[PDB]
4 protein chains.
Amino acid sequence: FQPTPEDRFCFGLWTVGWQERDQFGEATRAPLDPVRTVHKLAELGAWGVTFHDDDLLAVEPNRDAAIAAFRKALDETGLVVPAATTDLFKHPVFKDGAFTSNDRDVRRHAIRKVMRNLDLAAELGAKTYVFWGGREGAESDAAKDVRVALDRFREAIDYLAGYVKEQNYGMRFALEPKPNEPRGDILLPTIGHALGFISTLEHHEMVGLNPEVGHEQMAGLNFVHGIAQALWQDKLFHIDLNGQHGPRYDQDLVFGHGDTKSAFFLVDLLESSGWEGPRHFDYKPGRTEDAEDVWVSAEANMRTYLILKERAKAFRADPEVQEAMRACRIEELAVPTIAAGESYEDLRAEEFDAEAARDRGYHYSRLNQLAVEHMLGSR
Amino acid sequence: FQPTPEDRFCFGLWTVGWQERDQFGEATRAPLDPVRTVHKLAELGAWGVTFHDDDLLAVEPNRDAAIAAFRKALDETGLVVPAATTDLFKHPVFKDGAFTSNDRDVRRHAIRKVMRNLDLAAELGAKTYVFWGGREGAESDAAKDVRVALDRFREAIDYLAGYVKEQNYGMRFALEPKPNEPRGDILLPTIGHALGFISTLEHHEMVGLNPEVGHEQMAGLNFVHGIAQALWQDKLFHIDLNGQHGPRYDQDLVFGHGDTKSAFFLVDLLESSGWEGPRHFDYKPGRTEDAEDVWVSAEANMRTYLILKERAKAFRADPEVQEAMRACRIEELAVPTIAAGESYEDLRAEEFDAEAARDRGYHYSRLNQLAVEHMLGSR
Amino acid sequence: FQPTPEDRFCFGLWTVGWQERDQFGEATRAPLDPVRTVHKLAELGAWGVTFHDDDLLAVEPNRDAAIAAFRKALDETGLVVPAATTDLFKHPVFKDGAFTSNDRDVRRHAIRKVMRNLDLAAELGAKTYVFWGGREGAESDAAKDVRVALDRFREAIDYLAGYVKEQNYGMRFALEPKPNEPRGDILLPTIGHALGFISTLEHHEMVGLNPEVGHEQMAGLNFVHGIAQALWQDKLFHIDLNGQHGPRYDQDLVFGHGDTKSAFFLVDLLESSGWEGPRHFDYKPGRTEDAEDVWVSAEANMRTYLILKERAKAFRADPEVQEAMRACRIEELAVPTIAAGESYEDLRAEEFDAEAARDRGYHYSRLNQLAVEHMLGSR
Amino acid sequence: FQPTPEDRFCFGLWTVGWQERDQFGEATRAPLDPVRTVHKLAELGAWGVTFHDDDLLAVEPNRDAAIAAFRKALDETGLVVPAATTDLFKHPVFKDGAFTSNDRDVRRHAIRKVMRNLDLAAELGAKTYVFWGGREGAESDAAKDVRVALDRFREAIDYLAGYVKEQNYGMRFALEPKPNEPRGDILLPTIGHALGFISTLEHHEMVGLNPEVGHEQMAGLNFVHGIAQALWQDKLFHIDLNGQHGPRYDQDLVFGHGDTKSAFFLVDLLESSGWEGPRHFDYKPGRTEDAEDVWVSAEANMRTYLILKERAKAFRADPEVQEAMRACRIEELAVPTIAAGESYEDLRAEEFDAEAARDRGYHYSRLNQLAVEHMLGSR
Ligand SMILES: [Mg+2]
Ligand SMILES: [Mg+2]
Ligand SMILES: [Mg+2]
Ligand SMILES: [Mg+2]
Ligand SMILES: [Mg+2]
Ligand SMILES: [Mg+2]
Ligand SMILES: [Mg+2]
Ligand SMILES: [Mg+2]
């Protein structure tokens, strides 16, 4: 269960570099030099790293010197930068939003900040750029008219998309939904809301999703179903893997360590679909954990993914599972409901005896049990 | 606070006619004759009624005789039928889904059942047809590949949309999202997921949403924000009003009796946007309630809406509120971030002093308090 | 992974016998003869069966004949009856509550109904009697003063406890908490609330808990922590095992098929604590499932428990895990904070350098990863 | 709606003094001098203030000078200190717990820190001392054996209770339940769990609850029902008022601004029960809000409470409401189920015709609607 380059595992600098200052307590770890993160991640088998613009400054406040030290580390290790993003949430000026601040001068500041990091991302070869609208939203319904906020959100995203097209950066945008926290409610709270928003964009073709396991689970939604819809619409441009124990604060646990059963079926879907995107982890080591524990937790993300991958591969390869699937008539769902040359009257000429068929079973008990037994390594 | 025809209040037959058989107990009220519902609703000031195809049979099992008695009641009262829908969830053959049953013969049965009621809906003048995919989904991830289920869901909806176009019925379709119950997870679980799905339809122009207060709240989402996005995309084709106390079983309370503050801001948004759709109630009187209580609860829906409407009208008309809104700079959100003749270099030529502006306040405390005081009738 | 009598697995008649009529659809399975359930469960390795009084009537409406057929089946198989309970929730007269109905004649009916089944339970050798107050509660705050409802709840439970003492039945009572459903909120909504209530009872010594995995999880609570507190107070008199996917309707999935990670740690705690109670399953096979699927799902409960038991046994036996636990200083939590002969001034004479110790790590990353790897059968 | 001393309104220093640094951003307000808070709160009509030990140091790092400046402000204003508490959650040494840290030296540090502030609280006349175990818990099940953690929790609380008895401080302890945040799960997660824990204490008589509106609502529980049980057990020693929008991060909104309907019924219960405790607010002004907004938000807490108090007083005084309550037979719940001289055979001699009574209604529709109409100020 050792990670390989083909696994395309990657981490944000802000994950292993998180200082673990929470709502009720001080930081428990010192700032981590991104240069050390790049070397330690490379040594563990990570293929790539991602960053917010300001992550580069964790120990070096001079932006030019911080960028140079980052690139030197990437040169020495061969670590790739598949994606980058903007910090539009820490600085107090974004307290009311970034792209959707009431204050026009703040909105323009946000756009300019992204443009500078778009420039840097392209030079590093990042072909995907992530947008998490963490400050876009409100704590009360009177504070923000969401129709007008979406006007400004659409305006910012389409403006930036036209910018990258003018520069011929060849990049795609990935919107990261989140239902709440730090805002009482965040705009585009789920995979679905972001998909609906994307379809109104002038530049819709180059905008897709960066769904996060824990974010959809904060709303109690099924992450596997959401990823299925993202794949179905060809909008899975990025993914963020972690763990979460349902609707509460964003926990950012190690992938597989929240809803493990859902993680098993997520890996099953990613692998079986042949999705070729990076397996990116957006997690926090934990406030109990020291500097050495950090690398244990980074390894744990990749190892858990690899174990679940083997379990899911064995699950689908098992003749007992393929037999159970046929008993459930799962493959019959792929047959079109309507035939190619079939008219409305052709359809209404056929009848169905619903009373003869009312006692059909679908035998998911067997398939469900084989799935669980495979996950637990007992088959 | 007496309802008028312009209020466009309507009820489904299945709401006041619910027998109150739940997961753990028998029915507490006898079947209600739809003819009596039409007369009692008309007497209370309702403008319209809606129905599932099979609702018409509550006391009369002969479909032709049940339709005739329904139409006679509608004739005598002047009650309108703005919308109709299909029962694709009670009969055991739909236990695995209707449009997304594994069994092709069940999928075709579902389509034919809808087509018959589309025919009847058009004759009654319903110009909106509602689809709640209550059986579409699964209790376990192994049971249903959602990519393939969405293929079949899209296929059914587009097929039916082409049917109504061929018949020149002039109707629009309204998809009703729901996150769970009766299925462990339902396909298209939120307003967002349905919007994303609609955008892939061949007949996307004639398909929109029927969001339900309690359904989005079962996922902890902000119903006012979701309706705002539906309005923003011009997809609010129908609405279902009721109450809910967050993530639990679907409660179907009287509108305003769950999250009252959210109901206040929902009415504020519906009225201020000028949305002209019907105010439809999808609720249950309650298992403690007898046949007479039923009509008290129906009146309570309309009365609560009307009180909240007056409170929201007074809220926006208050000079103190308009002053607070200006202090918050709410109106400045409507100013485009980017000017019409502004280039990228024009934008990057301007700078922003983020440190000079870090202590700006937005003064939502005052606006929030005026909103609450208006809701509570104290202003 | 074959069940043995020492595993003490048991099922309620209402679990495998559930007809799968839900809030939105008809029953999909026919009534199941309890006689057949007793034989089929015995054949699968179940050790015991439990029942509501009225479960015995599923196919035989004559109570005396139904009891006789039940006892004959138990005689032939050697199946034990460790516990019994009362149906105080199906009949319409309980629509407002049973012990806490406003109507005094309903409260007295409830008490008499329990007394009759207490009599039958004793004859069958049940030494634990379960109380699920499923109708005790309200949908609105105005409907039920909970202080007065708890007066009546306490009165009923203490009255019944004195009855069983007068009869020398030697039984204990197990209160089953549930946060909601079918009521908007149920009285004694969690393990905690039931413990607090029990401590006010005259007969507190003979009253404890029947916690259910899915019930605490409907409130987002940690079932393992709750069982730990129940064990800590010596009040775990019964347990109900199933699965649930967080806050939504009560799902009654196969044990281990909801939050599998929590199920792993629950089995770890039950086994390591040496708790000797029965492992009772309160689940539903599923509405997609036919009569044959039912027994697959019953077997699946016991098999999943047994696999998790082996994984947890291997987890604790692993020297790597014991080493990780020592690194975390887990065993040091068992050392009393205060020594036996230590005064307040002795304690205040010692000082602690909090700044020297601020960077201590607890190394849960390693222990967490070993736990997950053991659950997944990879160690 | 102007606050008076009899309203007993109070605020923690940490509420209006919160700097609004959250999980994703910097502080937006400067540290607030507690001296200014005492004067500004007094001017607004607050009756009291409470504090964590370390709150006194917000602008003055010398503890003796900070205490002296605090007491001078209290002298000048006549503001009372009804309660105090300990910061056992900010400092990194508490990252694994305070009373339930694995490390014995940390547990003893926690106890000594509380003892010093118990000493100061007594001098200020605080007769209630609050314990929020915010760091007591875990993010994973392997990290903390809750049985052993509760041993140490009980040990600390009983030790401290014996200390205050030895000193003759005459104070009572108030345990503050919270389900999660900052820990994945917190020990004693609800009102119920704390009540059960209290009943095992040697010093149980002097230990009760400090329930917080938003904390129970984070678990989806009914705060009014929980307060009812606390009152019923005579354990409501303190209360914390704020607002929350269901299961998500702890929001700390202005009281009445989350679940307003529940706040209405909470005020109804507090006032009608005659509970004489302080009405304490534990809230945050909001990250959008500046130094002046802070006092608007403090006033808003008291004003919202007072408006709801008037609405609830008018509700109960309304003859229409008393008539509706009688129709519901609410008063009949107060009649004991069993008569004083009634034997088991006397009870079993009476019979109940359940079929004659199955169609009784309870008419909560009318009472519910009158309650909502009163809350909205329309009666
Ligand atoms: Mg996150
Ligand atoms: Mg992320
Ligand atoms: Mg509903
Ligand atoms: Mg509906
Ligand atoms: Mg259950
Ligand atoms: Mg149960
Ligand atoms: Mg709080
Ligand atoms: Mg508090």
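Convention: sequence-line order gives letters A, B, ...; per-chain numbering from 1. Numbering of ligands and ligand atoms starts at 1, following listing order. Heavy atoms only: backbone and side chains are in, while hydrogens, waters and symmetry mates are out.
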request  = Verify, without hydrogens or angle tests, whether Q244(A) (side chain) and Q251(A) (backbone) share a donor-acceptor contact under 3.5 angstrom.
outcome  = yes
message = Over 60° means perpendicular and under 30° means parallel, so tell me whether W132(A) and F24(D) are parallel, tilted or perpendicular.
response = tilted
task = With ring pair (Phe, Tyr, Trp, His ring centres under 6.0 Å) as the test, would you mind laying out the steps for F89(C) and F94(C) before giving the verdict?
result = CA-CA 6 Å; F89(C) 46 93; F94(C) 299 139; 8.7 Å; no
query = Looking at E176(C), which of its N, O or S atoms is the nearest one to the Mg ion (ligand 6)?
reply = OE2
task = For the Mg ion (ligand 1), check which protein N, O or S atoms are under 2.8 Å away and list them.
result = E212(A) OE2, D250(A) OD1, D250(A) OD2, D252(A) OD1
message = Do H238(C) and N210(C) pair up side chain to side chain, a donor and an acceptor below 3.5 Å, judged on atom types alone?
response = yes
request  = Using salt bridge (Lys or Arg N to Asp or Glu O under 4.0 Å) as the criterion, list what pairs up with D240(C), not counting sequence neighbours.
outcome  = none
query = What do you reckon, are the aromatic ring centroids of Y283(C) and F255(C) less than 6.0 Å apart?
reply = no
